[PDB]
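Step one of this worksheet: look at the structure below.
Just so you know, ligand 1 is whichever comes first in the structure, and atom 1 is the first atom listed for that ligand. Labels below follow one simple rule: chain letters A, B, ... track the order of the sequence lines, proteins then strands, and each chain is numbered from 1.
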Amino acid sequence: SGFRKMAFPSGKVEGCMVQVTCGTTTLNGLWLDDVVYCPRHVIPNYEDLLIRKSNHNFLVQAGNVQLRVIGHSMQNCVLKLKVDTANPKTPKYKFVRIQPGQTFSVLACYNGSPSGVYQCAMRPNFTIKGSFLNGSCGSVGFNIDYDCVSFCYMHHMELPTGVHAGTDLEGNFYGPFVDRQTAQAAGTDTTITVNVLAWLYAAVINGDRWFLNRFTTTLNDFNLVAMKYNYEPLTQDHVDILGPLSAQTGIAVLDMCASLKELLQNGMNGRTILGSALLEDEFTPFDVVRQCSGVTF
Amino acid sequence: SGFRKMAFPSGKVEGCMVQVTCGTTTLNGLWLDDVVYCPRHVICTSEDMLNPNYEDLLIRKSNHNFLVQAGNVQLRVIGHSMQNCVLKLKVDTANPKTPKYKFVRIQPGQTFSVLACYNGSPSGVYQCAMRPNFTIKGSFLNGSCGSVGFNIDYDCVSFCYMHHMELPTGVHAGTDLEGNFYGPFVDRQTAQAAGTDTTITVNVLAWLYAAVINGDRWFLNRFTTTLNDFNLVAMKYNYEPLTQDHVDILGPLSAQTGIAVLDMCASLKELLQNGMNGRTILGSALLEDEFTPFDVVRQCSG
Ligand SMILES: CN1CC[C@H](C(=O)N[C@@](C)(C(=O)Nc2cncc3ccccc23)c2ccc(Cl)c(Cl)c2)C1
Ligand SMILES: [Cl-]
């Protein structure tokens, strides 16, 4: 029993966190094998600014040991500092680009030191509601798949509303954001519907059944309602992905959709679901399964 | 900007997680130096649990009865002792990944990270608090016994909790790393139940100071209160009494925001009275009590 916002164990990522200094700027780097990846804004014609930099301009620090940079290249908005020393703690890893609605763990770092780990989701508006202070640039987002760390995010900036923007580990920004000093704003955000339904299945598994009803709905009727409440449209793939939880609890996906339809029109009415007075959208259907079955890393 | 329920990086604890098997039972152990710590109920059967005599059951045990597994490598148990409700399996190999650590006993209201494990493998990390009724609202399945709670301030891991059981309400009871249970709980199948839970007032105020720092001022008011008037109101909403110790601890937050503690107490009073009225504080429609004043400072400063 119990339901918590749970992150992946951060250990495999911790051994990869380094400090990257260039001039007056100090941020974080991800040291994998003999390459250290970091936001290119550490150095805006970025090809022109990078041509003026020398290898000894980048001071890379792994704990106490200083690493010597032997090369540098740029891939989209990530800088790739080739170092002489390969990371002995390099885990089995992949660079994956996640879709909006997908969740991941963020190991927030300052001066190459991990300060905390938290779970968050890629919002439909391509921002992440993270927790970052100055110096957190280069902190990474990741998932663990068996014994493989899938790096999906590198923090670059904070938007004027306090939400965060960053890139995948190939330097491609999530959303219409750029690493240039200009006016940027997060677009209108929507609720991740498949995740709310997954979190409702986790509540049923945990004993919370008050919100259930005898009703069902069509996928079209549900989406017409969901659209009015700024909820993401629920596709047939979302209905298919929720199948295992639907089987485990005995509540059909459209049956739970009718529960959500009533929750949106009528509300909670003083009641809570998993100790929350709002509908939670930062647990994917796989997160609910992993937590309510006991998958390990 | 931003405010999240943040856990300590679990890496230092991950290298200490081992599998402990004794008979039909498989749970988790914490391998520090040449000792593996685990709940002593690993030696019990389900029938033994009603009225177990642990000293009696431990005397019948041989070192080879405990199968300790660290990853793939099986560890050899060379001794065993019991300290309160924790079993201490002396092993012949010291943990090379042993971090700088302490055994700390926490007070209710204190928060910590839990590295939930199954079969000696870490499955996830989450943040939670020691409730005033001495239970923790964790996320645990069967096989999680031996999972630990910890704080990693500076380069030292302070182990403060070891999971032992789930109570009938779905909440959890455990011990410090010296085997002393938190609360009036025993590692015996009895009619024990968690007492009435209360909201950790000092933590709600700390989380309100985090909201003010983050730009949220809607809940503030032109009122102040006495500490006694606040406690008389707080008690009626099942809130923990706010002591002078709590008022002193909130001082740095009060100075940083410019809002006196009894001033923020008057804001809390009005929120208990009125409710949120469609509004949220740090993206929450409820008043959060699982961030201590130390958590708020660390996250909003460094
Ligand atoms: C289905 N079996 C019936 C009894 C078994 C049972 O509960 N056993 C344990 C070990 C226990 O609390 N384990 C657990 C821990 N955390 C979370 C749990 C979530 C679910 C199920 C067990 C969970 C236990 C039992 C009685 C006592 Cl007094 C103690 Cl100290 C420990 C389960
Ligand atoms: Cl404490």
Side-chain angles (χ1 to χ4, degrees), chain A residues 1-4 205-207 291-294, chain B residues 20-29 38-54 57 82 84-87 102-119 123-124 126 128-132 134-151 153 158-177 179-194 200 202-203 206 240 243 245-246 249 290-295:
Chain A
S1 274
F3 210 70
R4 283 273 183 195
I205 293 164
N206 264 267
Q291 185 168 171
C292 313
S293 80
Chain B
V20 176
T21 307
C22 188
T24 177
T25 299
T26 285
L27 44 63
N28 307 289
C38 76
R40 75 184 174 164
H41 67 77
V42 67
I43 72 180
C44 312
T45 77
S46 48
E47 17 150 40
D48 275 337
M49 287 309 299
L50 272 146
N51 276 280
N53 192 334
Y54 284 103
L57 299 168
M82 177 172 67
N84 303 307
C85 310
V86 292
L87 180 61
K102 288 188 240 61
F103 286 174
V104 161
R105 188 178 173 88
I106 62 165
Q107 301 304 319
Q110 183 64 267
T111 61
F112 57 99
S113 308
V114 174
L115 182 68
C117 300
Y118 299 93
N119 300 289
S123 100
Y126 61 88
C128 72
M130 177 59 58
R131 304 306 303 165
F134 285 111
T135 69
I136 79 158
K137 299 209 176 247
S139 189
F140 287 125
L141 301 169
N142 209 200
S144 48
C145 300
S147 288
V148 300
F150 62 96
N151 287 293
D153 311 283
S158 312
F159 290 105
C160 58
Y161 179 80
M162 173 169 274
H163 179 63
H164 277 75
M165 66 188 200
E166 183 169 289
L167 290 162
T169 59
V171 304
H172 317 269
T175 70
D176 55 26
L177 268 295
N180 286 117
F181 259 95
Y182 284 102
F185 307 110
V186 295
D187 52 352
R188 174 186 160 214
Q189 203 80 247
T190 215
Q192 50 189 349
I200 312 149
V202 70
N203 290 9
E240 272 299 289
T243 70
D245 264 29
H246 294 155
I249 284 161
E290 297 206 351
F291 294 101
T292 70
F294 188 95
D295 286 347

For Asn142(B), is at least one N or O under 3.5 Å away from an N or O on ligand 1? yes
Per-atom contacts, ligand 1 versus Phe140(B) - under 4.0 Å to a heavy atom: 16 (N), 17 (C), 18 (C), 19 (C)
Looking at atom 3 (C) of ligand 1, is any protein heavy atom nearer than 4.0 Å to it? no
Looking only at protein heavy atoms, identify the closest one to atom 29 (C) of ligand 1 and say how far it is in Å. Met165(B) CB, 3.6 Å
Validation row: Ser1(A), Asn206(A) side chains within 4.5 angstrom (heavy atoms): yes
Interfacing atoms of ligand 1 (cut-off 4.0 Å, heavy-atom, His41(B)): 10 (C), 30 (Cl)
Atom pair OG1/CD1 of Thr243(B) and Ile249(B) - distance to nearest 0.5 Å: 7.0 Å
Taking the six-membered ring of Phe140(B) (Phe, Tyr or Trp), confirm whether the NZ or CZ of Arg4(A) is under 6.0 Å from its centre and within 45° of its axis. no
Under 4.0 Å between heavy atoms, the region of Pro39(B) that gets near ligand 1 turns out to be neither
Is the shortest heavy-atom distance from the side chain of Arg105(B) to the side chain of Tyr182(B) under 4.5 Å? yes
Looking only at non-hydrogen atoms, which of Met49(B), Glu166(B), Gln192(B) approaches atom 12 (O) of ligand 1 most closely? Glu166(B)
Taking heavy atoms and a distance under 4.0 Å, where does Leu141(B) meet ligand 1: side chain, backbone, both or neither? backbone
Under 4.5 Å between any side-chain heavy atoms of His164(B) and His41(B), yes or no? yes
Closest to atom 16 (N) of ligand 1 among protein heavy atoms sits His163(B) NE2, 2.6 Å
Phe112(B) pairs by ring pair (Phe, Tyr, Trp, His ring centres under 6.0 Å) with which of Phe159(B), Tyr161(B), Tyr126(B)? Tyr161(B)
Any side-chain heavy-atom pair of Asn151(B) and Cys160(B) under 4.5 Å: yes
Candidate pair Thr111(B) and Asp295(B), rule side chain to side chain donor-acceptor pair (under 3.5 Å), full reasoning: CA-CA 8 Å; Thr111(B) 61; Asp295(B) 286 347; 2.6 Å; yes
Numbered atoms and elements of ligand 1 in range of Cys145(B), under 4.0 angstrom, heavy atoms: 10 (C), 13 (N), 15 (C)
Would you say that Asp48(B) contacts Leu57(B) through its side chain, given a criterion of any heavy-atom pair below 4.5 Å between the two side chains? yes
Which atoms from ligand 1 have a heavy atom of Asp187(B) less than 4.0 Å away? 28 (Cl), 30 (Cl)
Ranked by distance from atom 26 (C) of ligand 1, the top protein heavy atom is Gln189(B) NE2, 3.2 Å
Sub-4.5 Å side-chain heavy-atom contact between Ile43(B) and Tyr54(B): yes
If you count the atoms of ligand 1 from 1 in the order shown, which ones are under 4.0 Å from a heavy atom of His164(B)? 30 (Cl), 31 (C)
Is there at least one protein heavy-atom neighbour under 4.0 Å from atom 7 (O) of ligand 1? no
Give the atoms of ligand 1, by number and element, whose distance to some non-hydrogen atom of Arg188(B) is under 4.0 Å. 28 (Cl)
